């Protein structure tokens, strides 16, 4: 109670990994023969990262883990919990976490709690919560928790294909952190839904109910925001503060980003929530011109274009200040599934100084289809001095745009053939990848071979 208060448990370090090639969305429009703007404006997407046959879920996760450890000058004996959130499943029993133990062998540190945890795009967040809970528990042994969220997002040909991507994020979690989980403020919602699911074991691709997935994302947002607000209101009331939480109480607001347009719609949806919750709508200058919508219900408006147009316009400045910068990775790389929202976090840390971040609340909406969601928040430390934790974490990401721009664009036809071959190779054993090793970023782990018994071997590109 005062024990938890001392700890300031949070994110101490954040490492992001994405492959060295992408397909350009304007080029993909031409290739797919669609009208100009359908992807770049309609979806709001510029470039989509993809993998050659040299990278898989294990190599992505090994890559981001080792890059974090080296960047941060960490011994492998300083990790007490290691866990993977993913929905890229290449083995139904053997966890990615057990594969990652290869990296820990030389240290002899094998007493490391955690395995893998999966529900669509939400597994990273699940692992984060497990890590925080563990640090705060009787079982914490003074060591860091390490969370890895990683995924390869690929869709069948059609209108979902432009919304894939690939990436991994590693989060080092411990006490006295610069980005502190705001205690007791997890607004969670889970529900039995078939919006997006992967029951077809013969294919890498999901079954997607596109329209239902949008409705589920938005209804989950409504519910999570309401639970989050109820929880903060109760804390505030104890402290003698009877005000209502609104978007202005977030300094930044980040989202799981399937594509940028939905995120812009989602911030507008949060404003609509604020609007409906304020009994003094018609006397607040923030809501000027929205009087025609005073009586609408959330459940009736998931696809109401009038409400949408009005609230996107009314939230444009809030979107620019709180959310637009967070979309760097999404716009330039696509949907990284479990790591997407953490890519949005990385994007904020990459583009704002410690002084611009100090003391701010970062709202985090994490969604996974099926469905599981939580809106939670982080509080940034007030220490923005040089050499501070906040300075180190921002300095660790300030080259993010430059890293993204160092990738190579690949023509849509070449990308398309990569996808086709990936399908064809999906169940294959006794094979050796043919993709370039040299084109991988420095320090990237890659697949060497899959043997006749499905066992995989990895090596590190120097």
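Residue numbers count along the first chain shown, from 1.
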{"item": "Residue range whose averaged C-alpha B-factor is higher in the record, 420-428 or 27-35", "value": "420-428"}
{"item": "Of 376-384 and 287-295, the one with larger mean CA B-factor", "value": "287-295"}
{"item": "Of the residues 133, 138, 316, 323, the one carrying the largest Cα B-factor as recorded", "value": "316"}
{"item": "Chain thirds of CA B-factor: placement of residue 200", "value": "highest"}
{"item": "Within-chain third of residue 334 by Cα B-factor, per the entry", "value": "middle"}
{"item": "Chain third (lowest, middle, highest) by recorded CA B-factor, residue given as residue 52", "value": "middle"}
{"item": "Modelled-residue ranking by C-alpha temperature factor, third containing residue 439", "value": "highest"}
{"item": "Record-listed C-alpha B factor of residue 59: chain third", "value": "middle"}
